[PDB]
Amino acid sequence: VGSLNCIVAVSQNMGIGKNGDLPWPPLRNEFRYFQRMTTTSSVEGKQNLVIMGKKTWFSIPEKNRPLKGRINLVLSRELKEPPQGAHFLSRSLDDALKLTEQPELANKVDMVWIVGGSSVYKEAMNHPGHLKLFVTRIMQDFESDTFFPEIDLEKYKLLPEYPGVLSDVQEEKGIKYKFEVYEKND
């Protein structure tokens, strides 16, 4: 794999989770953005792969697992096989990316999207090579128990705009947020 993508929504206080769910009320269009970004494949016949930690998997509403239109991979050092509904299981990020080269996924995967949680993002953000981080900045503090590792601007640059991504502040349910894209190249 030549490029990885992370996607996350983060409160002002760096929160991403609270009690096995999101810290904020449901933001419909922000979710549709997550869906659009993670689902859209550039290649006919291929789907994107989503990689996530175990608690993130269980934080997805069951009726919606696995995430439709995408290959779902779960990370765990304890499970012996994928959670019911998940397509693949890996013991590490490294192992997950190597799987895409193996005969079963050979030519089935387009883009790879890391979708949390904290430790998965931390490792992915430090992985060699090209990486884009799609970060929704929720412009409010929310009570959280799970947090996003701060972005090291020695490695990442905030892109001023980006094709396919709205630049202006968004608002849903009185909650203001902005979509950001960060990028590192090596």
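For clarity, a rigid core is taken as the largest C-alpha set superposing within 1.5 Å between two forms. Residue numbers here begin at 1 and follow the sequence given.
S.K.: Comparing 20-28 with 159-167, which has C-alphas lying farther from the shown form in 7 other deposited structures of this protein once the core is aligned?
M.R.: Between 20-28 and 159-167, the one lying farther away in 7 other deposited structures of this protein is 159-167.
S.K.: Which is farther from the shown form in 7 other deposited structures of this protein in C-alpha RMS with the core fitted, 76-84 or 110-118?
M.R.: If we average over structures and residues in 7 other deposited structures of this protein, the farther stretch is 76-84.
S.K.: With reference to the PDB entry, specify whether the mean Cα temperature factor is higher for 119-127 or for 133-141.
M.R.: Comparing 119-127 with 133-141, the higher mean C-alpha B-factor belongs to 119-127.
S.K.: On mean C-alpha B-factor from the PDB entry, just flag whether 31-39 or 58-66 is the higher one.
M.R.: 58-66 has the higher mean C-alpha B-factor.
S.K.: Would you mind checking which of 114, 105, 73, 111 has the top Cα temperature factor in the PDB entry?
M.R.: So the option with the highest C-alpha B-factor is 105.
S.K.: In terms of the CA temperature factor given in the entry, to which third of its chain does residue 185 belong: lowest, middle or highest?
M.R.: CA B-factor rank for residue 185: highest third.
S.K.: What third of the chain does residue 162 rank in for C-alpha temperature factor, lowest, middle or highest?
M.R.: CA B-factor rank for residue 162: highest third.
S.K.: Sort the modelled residues of this chain by their C-alpha B factor and say whether residue 19 lands in the lowest, middle or highest third.
M.R.: Within its chain, residue 19 is a highest-third residue by C-alpha B-factor, going by the deposited values.
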